[PDB]
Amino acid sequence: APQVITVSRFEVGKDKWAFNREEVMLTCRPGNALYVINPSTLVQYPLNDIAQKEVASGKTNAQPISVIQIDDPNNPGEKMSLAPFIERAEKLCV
């Protein structure tokens, strides 16, 4: 079954943490579709392009990642980068 893990701002650090909550869940589905999962509501948000097309497909019920992705205080007008989390989830792939 897809591996799901919990990551925390404590582990990643405030400087790179990219979400409006202190813990989120990461997974990698068959096809290398990466998603972030909300631990209280279980809603999924696409992390990479493959996942965005699964959503766009109608195959996966999910919301835009911008719903929980926070702005970058060091890059005004832009969102905090997902690359630290994409690199963590890509390692759950199989």
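So that there is no doubt, residue numbering starts at 1 and follows the sequence shown.
Asks: Taking the values exactly as deposited, rank residue 62 by C-alpha B-factor within its chain and report the matching third: lowest, middle or highest.
Replies: Its C-alpha B-factor belongs to the highest third of this chain's values.
Asks: Among the modelled residues of this chain, does the Cα B factor of residue 86 put it in the lowest, middle or highest third?
Replies: Lowest third of the chain for residue 86's C-alpha B-factor.
Asks: Could you tell me which third, lowest, middle or highest, the C-alpha B-factor of residue 70 occupies within its chain?
Replies: Highest third of the chain for residue 70's C-alpha B-factor.
Asks: Looking at the temperature factor on the CA atom of residue 5, which third of the chain's modelled residues does it land in?
Replies: For residue 5, the deposited C-alpha B-factor lands in the lowest third.
Asks: Which third, lowest, middle or highest, does the CA B-factor of residue 78 fall in along this chain?
Replies: Tercile = highest for this residue's CA B-factor.
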